[PDB]
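my_file-v6.txt, holding compact mmCIF, C-alpha atoms and all ligand atoms:
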```txt
# COMPACT_ATOMS: atom_id res chain seq x y z
CA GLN A 530 0.00 0.00 0.00
CA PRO A 531 1.22 3.59 -0.43
CA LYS A 532 2.15 6.00 2.37
CA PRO A 533 5.81 6.01 3.32
CA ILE A 534 7.17 3.61 5.91
CA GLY A 535 9.79 3.82 8.58
CA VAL A 536 11.68 5.40 11.45
CA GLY A 537 10.30 5.67 14.97
CA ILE A 538 8.05 7.60 17.36
CA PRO A 539 7.57 10.90 15.52
CA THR A 540 8.27 13.77 17.90
CA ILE A 541 6.99 17.14 16.70
CA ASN A 542 6.95 20.21 18.90
CA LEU A 543 4.33 22.83 18.09
CA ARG A 544 6.27 25.33 20.18
CA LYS A 545 8.83 25.75 17.39
CA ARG A 546 6.91 25.82 14.07
CA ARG A 547 5.73 28.82 12.06
CA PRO A 548 2.43 29.78 10.35
CA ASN A 549 4.18 28.84 7.14
CA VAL A 550 6.08 26.21 5.10
CA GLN A 551 4.55 22.85 4.11
CA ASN A 552 7.28 20.73 5.88
CA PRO A 553 8.84 18.86 2.90
CA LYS A 554 7.62 15.73 1.22
CA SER A 555 10.48 13.24 2.00
CA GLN A 556 11.75 11.63 -1.25
CA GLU A 557 12.32 8.41 0.78
CA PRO A 558 11.34 5.18 -1.00
CA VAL A 559 8.89 2.58 0.26
CA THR A 560 11.11 -0.45 0.87
CA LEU A 561 9.27 -3.18 2.72
CA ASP A 562 11.30 -6.19 3.83
CA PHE A 563 10.13 -9.73 3.06
CA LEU A 564 10.62 -10.56 6.74
CA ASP A 565 8.55 -7.55 7.77
CA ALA A 566 5.61 -8.04 5.45
CA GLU A 567 4.84 -11.56 6.64
CA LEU A 568 5.61 -13.11 9.99
CA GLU A 569 9.22 -14.05 10.63
CA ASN A 570 9.83 -17.80 10.71
CA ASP A 571 12.92 -19.94 10.28
CA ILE A 572 11.46 -21.53 7.17
CA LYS A 573 10.54 -18.29 5.40
CA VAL A 574 14.11 -17.12 5.98
CA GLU A 575 15.23 -20.26 4.17
CA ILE A 576 12.75 -19.44 1.44
CA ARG A 577 13.97 -15.85 0.96
CA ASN A 578 17.66 -16.72 1.02
CA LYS A 579 16.88 -19.36 -1.56
CA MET A 580 14.55 -17.07 -3.50
CA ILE A 581 16.94 -14.11 -3.66
CA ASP A 582 19.17 -15.91 -6.17
CA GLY A 583 17.74 -19.40 -6.29
CA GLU A 584 16.69 -20.98 -9.55
CA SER A 585 13.64 -22.98 -8.51
CA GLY A 586 12.01 -24.49 -5.43
CA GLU A 587 8.79 -25.19 -3.56
CA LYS A 588 8.29 -25.98 0.13
CA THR A 589 5.06 -26.94 1.91
CA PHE A 590 4.86 -26.17 5.61
CA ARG A 591 2.61 -25.29 8.53
CA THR A 592 2.92 -21.59 9.30
CA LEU A 593 1.32 -18.80 11.23
CA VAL A 594 -0.88 -16.74 8.94
CA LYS A 595 -1.76 -13.27 10.12
CA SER A 596 -5.38 -12.44 9.43
CA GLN A 597 -6.39 -9.40 7.43
CA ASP A 598 -7.01 -6.86 10.20
CA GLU A 599 -4.53 -8.04 12.82
CA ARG A 600 -7.02 -9.55 15.22
CA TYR A 601 -6.24 -13.18 14.88
CA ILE A 602 -3.62 -15.72 13.90
CA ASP A 603 -4.52 -18.84 11.98
CA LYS A 604 -2.45 -21.88 11.16
CA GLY A 605 -2.54 -23.44 7.71
CA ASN A 606 -0.77 -25.23 5.04
CA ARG A 607 0.95 -22.96 2.47
CA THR A 608 2.47 -24.85 -0.67
CA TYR A 609 4.29 -22.08 -2.42
CA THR A 610 6.74 -22.05 -5.26
CA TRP A 611 9.06 -19.56 -6.91
CA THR A 612 11.13 -18.96 -10.02
CA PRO A 613 13.44 -16.21 -11.22
CA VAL A 614 12.68 -13.84 -14.01
CA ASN A 615 14.39 -15.48 -16.98
CA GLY A 616 15.51 -12.10 -18.28
CA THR A 617 16.48 -9.47 -15.75
CA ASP A 618 17.60 -10.50 -12.30
CA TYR A 619 16.07 -7.53 -10.47
CA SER A 620 13.10 -9.68 -9.32
CA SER A 621 11.94 -13.25 -8.62
CA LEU A 622 8.33 -14.39 -8.20
CA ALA A 623 6.32 -16.57 -5.82
CA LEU A 624 2.82 -17.89 -6.35
CA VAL A 625 1.32 -18.76 -2.98
CA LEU A 626 -1.43 -21.36 -2.67
CA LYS B 962 26.20 34.45 -7.41
CA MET B 963 28.95 37.03 -7.91
CA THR B 964 28.18 38.51 -11.36
CA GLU B 965 25.74 40.39 -13.49
CA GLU B 966 23.67 38.06 -15.57
CA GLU B 967 23.25 35.34 -13.00
CA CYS B 968 21.94 37.38 -10.08
CA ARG B 969 18.38 36.99 -11.34
CA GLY B 970 15.42 34.73 -10.73
CA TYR B 971 14.19 33.40 -7.38
CA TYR B 972 16.07 31.96 -4.42
CA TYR B 973 15.53 30.69 -0.88
CA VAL B 974 15.72 32.85 2.22
CA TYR B 975 16.12 30.51 5.16
CA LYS B 976 14.69 31.96 8.34
CA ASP B 977 16.18 31.99 11.79
CA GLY B 978 18.75 29.34 11.41
CA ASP B 979 17.34 26.08 10.15
CA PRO B 980 16.69 24.77 6.62
CA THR B 981 13.06 23.88 7.19
CA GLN B 982 11.70 27.43 6.97
CA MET B 983 12.38 28.35 3.35
CA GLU B 984 10.84 31.54 1.99
CA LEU B 985 11.20 32.41 -1.65
CA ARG B 986 12.26 35.93 -2.58
CA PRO B 987 13.57 37.28 -5.86
CA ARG B 988 17.11 38.49 -6.27
CA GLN B 989 18.57 41.57 -7.93
CA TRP B 990 21.62 43.79 -7.77
CA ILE B 991 21.64 45.91 -4.68
CA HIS B 992 23.88 48.95 -5.17
CA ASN B 993 25.26 50.05 -1.85
CA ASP B 994 23.77 53.54 -1.82
CA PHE B 995 27.05 55.33 -0.91
CA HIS B 996 29.12 53.89 -3.69
CA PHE B 997 32.30 55.40 -5.08
CA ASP B 998 31.44 55.93 -8.74
CA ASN B 999 31.69 59.62 -9.51
CA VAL B 1000 33.94 62.16 -7.84
CA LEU B 1001 30.76 63.93 -6.88
CA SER B 1002 29.22 60.64 -5.81
CA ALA B 1003 32.29 59.81 -3.76
CA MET B 1004 32.29 63.09 -1.90
CA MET B 1005 28.86 62.03 -0.67
CA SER B 1006 30.05 58.83 0.93
CA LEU B 1007 33.28 60.24 2.22
CA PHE B 1008 31.25 62.99 3.88
CA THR B 1009 29.50 60.48 6.13
CA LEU C 194 42.97 67.58 39.07
CA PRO C 195 40.76 70.44 37.76
CA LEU C 196 38.47 68.00 35.94
CA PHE C 197 37.41 66.28 39.17
CA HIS C 198 34.30 68.34 39.90
CA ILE C 199 33.07 68.04 36.31
CA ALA C 200 33.48 64.28 36.34
CA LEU C 201 31.80 63.94 39.72
CA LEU C 202 28.71 65.78 38.53
CA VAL C 203 28.40 63.47 35.55
CA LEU C 204 28.65 60.70 38.10
CA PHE C 205 25.69 62.31 39.88
CA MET C 206 24.03 62.91 36.52
CA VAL C 207 23.92 59.18 35.81
CA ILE C 208 22.75 58.13 39.29
CA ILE C 209 19.77 60.47 39.15
CA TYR C 210 18.75 59.23 35.73
CA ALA C 211 19.38 55.63 36.68
CA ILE C 212 16.97 55.71 39.62
CA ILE C 213 14.33 57.66 37.67
CA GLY C 214 14.57 55.24 34.78
CA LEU C 215 14.49 52.37 37.22
CA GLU C 216 11.25 53.29 38.96
CA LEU C 217 9.44 54.52 35.85
CA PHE C 218 10.23 51.55 33.60
CA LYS C 219 10.66 48.41 35.76
CA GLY C 220 9.39 45.42 33.89
CA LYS C 221 7.77 47.39 31.07
CA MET C 222 9.72 45.77 28.20
CA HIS C 223 8.86 42.13 28.79
CA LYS C 224 5.90 41.91 26.40
CA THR C 225 6.38 40.14 23.08
CA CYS C 226 4.77 39.81 19.63
CA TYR C 227 5.19 36.04 19.28
CA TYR C 228 3.38 34.02 16.63
CA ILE C 229 0.02 32.40 17.30
CA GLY C 230 1.10 30.06 19.95
CA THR C 231 4.80 29.35 19.35
CA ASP C 232 8.17 30.58 20.56
CA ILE C 233 9.18 32.65 17.52
CA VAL C 234 9.33 36.43 17.87
CA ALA C 235 7.72 38.05 14.85
CA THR C 236 9.74 40.62 12.91
CA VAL C 237 9.75 42.07 9.40
CA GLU C 238 13.02 41.64 7.58
CA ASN C 239 14.96 44.43 9.30
CA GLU C 240 12.73 45.15 12.27
CA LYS C 241 14.45 44.85 15.62
CA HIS D 867 -22.69 -10.18 35.54
CA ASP D 868 -24.01 -7.55 33.05
CA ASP D 869 -21.23 -5.02 33.60
CA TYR D 870 -19.44 -6.90 30.82
CA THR D 871 -22.26 -6.77 28.27
CA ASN D 872 -21.56 -3.07 27.83
CA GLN D 873 -18.13 -4.23 26.61
CA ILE D 874 -18.97 -6.88 24.02
CA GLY D 875 -15.99 -7.35 21.73
CA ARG D 876 -13.42 -5.73 23.95
CA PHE D 877 -10.22 -7.65 24.67
CA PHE D 878 -10.40 -9.53 27.96
CA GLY D 879 -7.10 -8.14 29.22
CA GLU D 880 -8.76 -4.76 29.68
CA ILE D 881 -11.40 -6.46 31.86
CA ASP D 882 -9.59 -8.95 34.13
CA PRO D 883 -5.85 -8.86 33.40
CA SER D 884 -4.86 -10.99 36.40
CA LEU D 885 -6.64 -13.92 34.81
CA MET D 886 -5.19 -13.21 31.40
CA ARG D 887 -1.58 -12.59 32.42
CA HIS D 888 -1.94 -15.90 34.22
CA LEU D 889 -3.65 -17.65 31.33
CA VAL D 890 -0.82 -17.06 28.88
CA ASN D 891 1.65 -18.26 31.51
CA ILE D 892 0.09 -21.71 31.66
CA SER D 893 -0.40 -22.18 27.91
CA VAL D 894 -3.63 -21.40 26.07
CA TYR D 895 -3.41 -18.92 24.70
CA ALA D 896 0.03 -17.98 23.41
CA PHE D 897 0.85 -15.00 21.19
CA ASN D 898 3.16 -13.29 18.72
CA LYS D 899 4.38 -9.72 18.32
CA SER D 900 5.04 -8.39 14.83
CA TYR D 901 5.73 -4.89 13.55
CA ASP D 902 3.74 -2.99 10.96
CA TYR D 903 5.91 -0.30 9.45
CA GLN D 904 3.18 1.71 7.77
CA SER D 905 0.57 2.41 10.43
CA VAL D 906 -0.20 6.09 10.82
CA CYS D 907 -0.44 7.55 14.31
CA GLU D 908 -0.28 10.87 16.13
CA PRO D 909 2.92 12.73 17.00
CA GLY D 910 4.09 12.94 20.59
CA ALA D 911 5.67 15.64 22.72
CA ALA D 912 9.11 17.22 22.93
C1 LIG A 1101 14.93 -19.55 -18.73
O1 LIG A 1101 13.76 -20.36 -18.83
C2 LIG A 1101 13.95 -21.46 -19.72
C3 LIG A 1101 12.63 -22.19 -19.91
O2 LIG A 1101 11.56 -21.25 -19.91
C4 LIG A 1101 15.02 -22.39 -19.15
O3 LIG A 1101 15.26 -23.46 -20.07
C5 LIG A 1101 15.54 -24.66 -19.32
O4 LIG A 1101 16.85 -25.17 -19.59
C6 LIG A 1101 17.17 -26.27 -18.74
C7 LIG A 1101 18.62 -26.66 -18.95
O5 LIG A 1101 19.40 -25.50 -19.25
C8 LIG A 1101 16.23 -27.43 -19.04
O6 LIG A 1101 16.51 -28.51 -18.13
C9 LIG A 1101 14.77 -27.01 -18.90
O7 LIG A 1101 13.93 -28.05 -19.40
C10 LIG A 1101 14.50 -25.72 -19.66
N1 LIG A 1101 13.17 -25.23 -19.35
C11 LIG A 1101 12.15 -25.45 -20.17
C12 LIG A 1101 10.98 -24.52 -20.00
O8 LIG A 1101 12.15 -26.34 -21.00
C13 LIG A 1101 16.32 -21.64 -18.89
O9 LIG A 1101 17.22 -22.48 -18.15
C14 LIG A 1101 16.06 -20.36 -18.10
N2 LIG A 1101 17.27 -19.56 -18.05
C15 LIG A 1101 18.22 -19.81 -17.15
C16 LIG A 1101 19.44 -18.94 -17.24
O10 LIG A 1101 18.11 -20.69 -16.31
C1 LIG A 1102 5.37 -16.88 17.42
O1 LIG A 1102 4.55 -17.91 17.94
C2 LIG A 1102 5.06 -19.23 17.71
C3 LIG A 1102 4.00 -20.20 18.18
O2 LIG A 1102 4.29 -21.53 17.76
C4 LIG A 1102 6.41 -19.39 18.42
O3 LIG A 1102 6.98 -20.66 18.15
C5 LIG A 1102 7.18 -21.41 19.38
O4 LIG A 1102 8.01 -20.71 20.33
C6 LIG A 1102 8.17 -21.41 21.58
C7 LIG A 1102 9.02 -20.53 22.46
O5 LIG A 1102 9.77 -19.61 21.67
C8 LIG A 1102 8.80 -22.79 21.33
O6 LIG A 1102 8.87 -23.52 22.55
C9 LIG A 1102 8.00 -23.57 20.30
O7 LIG A 1102 8.66 -24.79 20.00
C10 LIG A 1102 7.83 -22.74 19.03
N1 LIG A 1102 7.05 -23.47 18.04
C11 LIG A 1102 7.38 -23.48 16.75
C12 LIG A 1102 6.49 -24.28 15.85
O8 LIG A 1102 8.35 -22.87 16.32
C13 LIG A 1102 7.36 -18.29 17.97
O9 LIG A 1102 8.55 -18.36 18.75
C14 LIG A 1102 6.73 -16.91 18.12
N2 LIG A 1102 7.61 -15.88 17.59
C15 LIG A 1102 7.72 -14.66 18.14
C16 LIG A 1102 8.67 -13.72 17.46
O10 LIG A 1102 7.07 -14.33 19.12
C1 LIG A 1103 -2.05 -29.65 6.40
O1 LIG A 1103 -2.47 -30.81 5.64
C2 LIG A 1103 -2.58 -32.00 6.41
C3 LIG A 1103 -2.81 -33.15 5.45
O2 LIG A 1103 -3.84 -32.85 4.53
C4 LIG A 1103 -3.72 -31.82 7.40
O3 LIG A 1103 -3.89 -33.01 8.15
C5 LIG A 1103 -3.37 -30.66 8.33
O4 LIG A 1103 -4.46 -30.42 9.21
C6 LIG A 1103 -3.05 -29.37 7.55
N1 LIG A 1103 -2.51 -28.37 8.45
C7 LIG A 1103 -3.27 -27.52 9.15
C8 LIG A 1103 -2.53 -26.58 10.05
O5 LIG A 1103 -4.49 -27.50 9.04
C1 LIG A 1104 5.51 -18.33 33.30
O1 LIG A 1104 6.44 -18.74 32.27
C2 LIG A 1104 7.81 -18.46 32.60
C3 LIG A 1104 8.63 -18.83 31.39
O2 LIG A 1104 8.60 -20.23 31.15
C4 LIG A 1104 8.21 -19.23 33.86
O3 LIG A 1104 9.54 -18.88 34.21
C5 LIG A 1104 7.27 -18.90 35.01
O4 LIG A 1104 7.57 -19.72 36.13
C6 LIG A 1104 5.80 -19.09 34.61
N1 LIG A 1104 4.92 -18.65 35.68
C7 LIG A 1104 4.53 -19.45 36.67
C8 LIG A 1104 3.62 -18.82 37.69
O5 LIG A 1104 4.89 -20.61 36.75
```

Could you take the file, read its structure, and then write that structure out as structure tokens?
Amino acid sequence: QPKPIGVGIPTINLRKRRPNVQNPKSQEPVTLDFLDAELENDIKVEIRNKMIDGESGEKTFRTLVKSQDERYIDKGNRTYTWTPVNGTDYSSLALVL
Amino acid sequence: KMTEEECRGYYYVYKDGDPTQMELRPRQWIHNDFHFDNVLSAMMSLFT
Amino acid sequence: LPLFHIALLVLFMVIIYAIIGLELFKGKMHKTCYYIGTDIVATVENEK
Amino acid sequence: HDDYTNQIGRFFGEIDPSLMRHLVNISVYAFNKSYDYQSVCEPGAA
């Protein structure tokens, strides 16, 4: 999703600002880590370190699946596979089922 | 900017001290009002 | 030696106008023109 | 007990924490703690 990410507890004082400038737009990129989109697990590390340059591989395993609203955690079987982009090497894909 | 042609256009005036309060003014040659240009115009400045 | 009475009257000239300026103006300067609620004092570009 | 039915859907730790701090400490139910880097909140104080 958009919106930038990052850094910590955002301290702003209102005792210092001015009735003025728009407080610039932060050309920072939106770089989400694979270990910080999903839940960290010692299998998904072994997926990513295999996926980051690996040629081809699938692994089926019982994981923790965060539910879509952060209320709940469910446990299910994920069979996922991956392959590199045959052309450029600036990506590699994973269909998750 | 140091010379004629390129002291033109708009620039940033940073308030107080910090570079998060940019104001944008234009720029032009300021001629320092008591210049030494003419012998008459230098007796003015050297009178003050 | 002959300047001593002149210099001692200027020393009494200051002490009179220090006590009169002390009792007439104690605390009178401490008001500000800050921005809306901030800590910045509001000036215009040369204004003290 | 009907003081709880004004709460329906609230997390039980804000009702009786001494049960719930205990109940994780004897298994059922466990937890996890992940970070969400994009959640927007309000700025603090200086
Ligand atoms: C790019 O993809 C092609 C197939 O789309 C890969 O071709 C494979 O080549 C290997 C041996 O080199 C064969 O064992 C496979 O059967 C081929 N795949 C297919 C689809 O038949 C090719 O290897 C890929 N590029 C790289 C650099 O690996
Ligand atoms: C997330 O929760 C899982 C729940 O299974 C945790 O995994 C267990 O952790 C305990 C103690 O660390 C171990 O005794 C179990 O053997 C673990 N089970 C498995 C299947 O790994 C996991 O540690 C939690 N992670 C975080 C960061 O809280
Ligand atoms: C994964 O599949 C097996 C075999 O079909 C099934 O018994 C098991 O319940 C599944 N895992 C979970 C967490 O449901
Ligand atoms: C709660 O779990 C911790 C960690 O295993 C353990 O040290 C502690 O004794 C447990 N609490 C009680 C009351 O047994």

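Here atom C13 of ligand LIG 1102 (chain A) and atom CA of residue A:564 stand 14.0 Å from one another.
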
Using all atoms listed in the file, determine which residues fall within 12 Å of ligand LIG 1103 (chain A), then list them as JSON, numbers by chain. {"A": [589, 590, 591, 592, 593, 594, 602, 603, 604, 605, 606, 607, 608]}

Store the residues picked out above in a file with C-alpha atoms, as a short mmCIF file (atom, residue, chain, number, x, y, z; two decimals), in the coordinates of the input.
```cif
data_model
loop_
_atom_site.label_atom_id
_atom_site.label_comp_id
_atom_site.auth_asym_id
_atom_site.auth_seq_id
_atom_site.Cartn_x
_atom_site.Cartn_y
_atom_site.Cartn_z
CA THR A 589 5.06 -26.94 1.91
CA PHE A 590 4.86 -26.17 5.61
CA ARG A 591 2.61 -25.29 8.53
CA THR A 592 2.92 -21.59 9.30
CA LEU A 593 1.32 -18.80 11.23
CA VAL A 594 -0.88 -16.74 8.94
CA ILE A 602 -3.62 -15.72 13.90
CA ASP A 603 -4.52 -18.84 11.98
CA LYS A 604 -2.45 -21.88 11.16
CA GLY A 605 -2.54 -23.44 7.71
CA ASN A 606 -0.77 -25.23 5.04
CA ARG A 607 0.95 -22.96 2.47
CA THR A 608 2.47 -24.85 -0.67
#
```

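Here the question is which of D:881, D:906, D:894, D:889 gets nearest to ligand LIG 1102 (chain A) using only C-alpha atoms and all ligand atoms, and that residue is D:894.
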
Enumerate as a PDB file with C-alpha atoms, in the coordinates of the input the residues belonging to chain B that approach chain A to within 9 Å, with only C-alpha atoms taken into account.
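In the end it all went to iface.pdb:
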```pdb
ATOM      1  CA  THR B 981      13.060  23.880   7.190  1.00  0.00           C
ATOM      2  CA  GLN B 982      11.700  27.430   6.970  1.00  0.00           C
ATOM      3  CA  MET B 983      12.380  28.350   3.350  1.00  0.00           C
ATOM      4  CA  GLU B 984      10.840  31.540   1.990  1.00  0.00           C
TER       5      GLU B 984
END
```

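The two atoms in question, atom CA of residue A:588 and atom CA of residue A:575, are spaced 9.9 Å apart.
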
For stretch 203-236 of chain C, where the input has fewer atoms than it should, I would like N, CA and C atoms rebuilt and written as an mmCIF file, in the coordinates of the input.
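Result file follows (selection08.cif):
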```
data_model
loop_
_atom_site.group_PDB
_atom_site.id
_atom_site.type_symbol
_atom_site.label_atom_id
_atom_site.label_comp_id
_atom_site.auth_asym_id
_atom_site.auth_seq_id
_atom_site.Cartn_x
_atom_site.Cartn_y
_atom_site.Cartn_z
ATOM 1 N N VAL C 203 28.911 64.429 36.520
ATOM 2 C CA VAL C 203 28.400 63.470 35.550
ATOM 3 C C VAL C 203 28.159 62.131 36.237
ATOM 4 N N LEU C 204 28.918 61.870 37.289
ATOM 5 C CA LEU C 204 28.650 60.700 38.100
ATOM 6 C C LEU C 204 27.369 60.868 38.922
ATOM 7 N N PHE C 205 26.983 62.104 39.235
ATOM 8 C CA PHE C 205 25.690 62.310 39.880
ATOM 9 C C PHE C 205 24.593 62.462 38.843
ATOM 10 N N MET C 206 24.984 62.776 37.613
ATOM 11 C CA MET C 206 24.030 62.910 36.520
ATOM 12 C C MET C 206 23.481 61.548 36.103
ATOM 13 N N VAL C 207 24.327 60.524 36.167
ATOM 14 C CA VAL C 207 23.920 59.180 35.810
ATOM 15 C C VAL C 207 23.071 58.566 36.911
ATOM 16 N N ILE C 208 23.438 58.796 38.176
ATOM 17 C CA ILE C 208 22.750 58.130 39.290
ATOM 18 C C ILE C 208 21.342 58.679 39.456
ATOM 19 N N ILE C 209 21.134 59.957 39.151
ATOM 20 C CA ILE C 209 19.770 60.470 39.150
ATOM 21 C C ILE C 209 18.967 59.829 38.032
ATOM 22 N N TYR C 210 19.506 59.813 36.822
ATOM 23 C CA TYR C 210 18.750 59.230 35.730
ATOM 24 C C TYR C 210 18.809 57.719 35.684
ATOM 25 N N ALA C 211 19.503 57.074 36.608
ATOM 26 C CA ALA C 211 19.380 55.630 36.680
ATOM 27 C C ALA C 211 18.241 55.240 37.597
ATOM 28 N N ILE C 212 18.022 56.014 38.655
ATOM 29 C CA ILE C 212 16.970 55.710 39.620
ATOM 30 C C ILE C 212 15.612 56.120 39.063
ATOM 31 N N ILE C 213 15.554 57.251 38.353
ATOM 32 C CA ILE C 213 14.330 57.660 37.670
ATOM 33 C C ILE C 213 13.927 56.743 36.533
ATOM 34 N N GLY C 214 14.889 56.249 35.768
ATOM 35 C CA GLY C 214 14.570 55.240 34.780
ATOM 36 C C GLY C 214 14.360 53.870 35.364
ATOM 37 N N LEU C 215 14.849 53.618 36.566
ATOM 38 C CA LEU C 215 14.490 52.370 37.220
ATOM 39 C C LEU C 215 13.086 52.248 37.758
ATOM 40 N N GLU C 216 12.593 53.293 38.409
ATOM 41 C CA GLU C 216 11.250 53.290 38.960
ATOM 42 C C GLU C 216 10.153 53.570 37.950
ATOM 43 N N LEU C 217 10.457 54.252 36.859
ATOM 44 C CA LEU C 217 9.440 54.520 35.850
ATOM 45 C C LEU C 217 9.266 53.385 34.858
ATOM 46 N N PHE C 218 10.278 52.534 34.674
ATOM 47 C CA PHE C 218 10.230 51.550 33.600
ATOM 48 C C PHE C 218 10.529 50.128 34.040
ATOM 49 N N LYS C 219 10.433 49.785 35.326
ATOM 50 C CA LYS C 219 10.660 48.410 35.760
ATOM 51 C C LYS C 219 9.679 47.461 35.115
ATOM 52 N N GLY C 220 10.204 46.481 34.401
ATOM 53 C CA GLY C 220 9.390 45.420 33.890
ATOM 54 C C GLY C 220 8.540 45.715 32.676
ATOM 55 N N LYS C 221 8.672 46.914 32.115
ATOM 56 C CA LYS C 221 7.770 47.390 31.070
ATOM 57 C C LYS C 221 8.078 46.796 29.686
ATOM 58 N N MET C 222 9.276 46.245 29.512
ATOM 59 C CA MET C 222 9.720 45.770 28.200
ATOM 60 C C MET C 222 9.346 44.321 27.918
ATOM 61 N N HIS C 223 8.839 43.585 28.894
ATOM 62 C CA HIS C 223 8.860 42.130 28.790
ATOM 63 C C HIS C 223 7.766 41.546 27.914
ATOM 64 N N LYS C 224 6.967 42.387 27.266
ATOM 65 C CA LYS C 224 5.900 41.910 26.400
ATOM 66 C C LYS C 224 6.491 41.489 25.064
ATOM 67 N N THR C 225 5.808 40.609 24.338
ATOM 68 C CA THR C 225 6.380 40.140 23.080
ATOM 69 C C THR C 225 5.338 40.345 21.982
ATOM 70 N N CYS C 226 5.700 40.045 20.732
ATOM 71 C CA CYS C 226 4.770 39.810 19.630
ATOM 72 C C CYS C 226 5.007 38.437 19.021
ATOM 73 N N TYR C 227 4.974 37.377 19.826
ATOM 74 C CA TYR C 227 5.190 36.040 19.280
ATOM 75 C C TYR C 227 4.095 35.656 18.289
ATOM 76 N N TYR C 228 4.387 34.642 17.480
ATOM 77 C CA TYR C 228 3.380 34.020 16.630
ATOM 78 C C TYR C 228 2.373 33.253 17.491
ATOM 79 N N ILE C 229 1.388 32.640 16.814
ATOM 80 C CA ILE C 229 0.020 32.400 17.300
ATOM 81 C C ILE C 229 -0.037 31.710 18.647
ATOM 82 N N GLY C 230 0.458 30.483 18.725
ATOM 83 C CA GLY C 230 1.100 30.060 19.950
ATOM 84 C C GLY C 230 2.336 29.290 19.575
ATOM 85 N N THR C 231 3.508 29.892 19.769
ATOM 86 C CA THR C 231 4.800 29.350 19.350
ATOM 87 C C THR C 231 5.860 29.901 20.279
ATOM 88 N N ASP C 232 7.110 29.902 19.830
ATOM 89 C CA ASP C 232 8.170 30.580 20.560
ATOM 90 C C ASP C 232 8.899 31.588 19.670
ATOM 91 N N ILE C 233 8.481 31.742 18.419
ATOM 92 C CA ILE C 233 9.180 32.650 17.520
ATOM 93 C C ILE C 233 8.692 34.075 17.717
ATOM 94 N N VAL C 234 9.636 35.009 17.825
ATOM 95 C CA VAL C 234 9.330 36.430 17.870
ATOM 96 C C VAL C 234 9.129 36.906 16.444
ATOM 97 N N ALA C 235 8.078 37.682 16.209
ATOM 98 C CA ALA C 235 7.720 38.050 14.850
ATOM 99 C C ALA C 235 8.292 39.398 14.449
ATOM 100 N N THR C 236 9.114 39.401 13.405
ATOM 101 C CA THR C 236 9.740 40.620 12.910
ATOM 102 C C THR C 236 9.418 40.760 11.434
#
```
